[PDB]
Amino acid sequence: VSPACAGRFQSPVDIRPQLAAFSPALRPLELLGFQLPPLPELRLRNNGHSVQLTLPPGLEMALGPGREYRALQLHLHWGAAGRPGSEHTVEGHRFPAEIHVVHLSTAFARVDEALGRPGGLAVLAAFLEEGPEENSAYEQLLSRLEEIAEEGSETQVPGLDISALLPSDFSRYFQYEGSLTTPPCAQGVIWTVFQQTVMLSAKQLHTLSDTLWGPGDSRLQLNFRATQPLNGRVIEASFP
């Protein structure tokens, strides 16, 4: 029963853009090394809570000058047939799905030293919505979900352009301080939520929500935490 999961400053949150603070010090995010060669392959796992892709060393992310991170992994949150499952909401709207790319501050060698430390971990988050076309970067992961239908299963996938899983607009985002959304829910996590969304086909969103199985003989669906109150935190925005 991680006591951190009862902290005052938890994630995810409902983003109310009218209450967000415009902060012009929030510059465009910068990503280096995200365009991977096909080999070595990466490991894609059904962990019973999400599908998680382990990322290789060398993916560097900066929130700004002096604010440097390395990417660890990415995973997804999703709903069910006719039910949205983003973690974050905007003005109470929940989107079909959400991607999280979790990073470690370059000041720490291990996750366990960064847990609960200010700015020790940073998450990049983007909503997934339905578009008309099959998203080619997503297809490389989604086309392998059948291989990992079973809880605790994994498979290897070719490296891909990891930045193609995210929006092209890196300028416009909300940022706030919060927590991991799974035990141990440690605080001090810098959350960056893109304004622009990513487009998947209806078929892709259905593959995501209908393929994977979780604890027991239950479908892995609706794997989002309820929104947590801001409790006086102010969400910042990189635009007015």
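From 1 onward, residues are counted along the sequence shown.
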| item | value |
| --- | --- |
| Of 214-222 and 21-29, the one with larger mean CA B-factor | 214-222 |
| Mean temperature factor over C-alpha atoms, higher-scoring stretch between 202-210 and 65-73 | 202-210 |
| C-alpha B-factor winner, where the candidates are 99, 121, 80, 162 | 80 |
| Residue selected from 144, 117, 88, 103 by maximal Cα B factor | 144 |
| Ranked against its chain, the third holding the CA B-factor of residue 109 | highest |
| Chain-wide C-alpha B factor ranking for residue 35, given as lowest, middle or highest third | lowest |
| Within-chain third of residue 43 by Cα B-factor, per the entry | lowest |
| CA B-factor placement of residue 185, once the chain's modelled residues are sorted into thirds | highest |
| B-factor third for the C-alpha atom of residue 140 within its chain | highest |
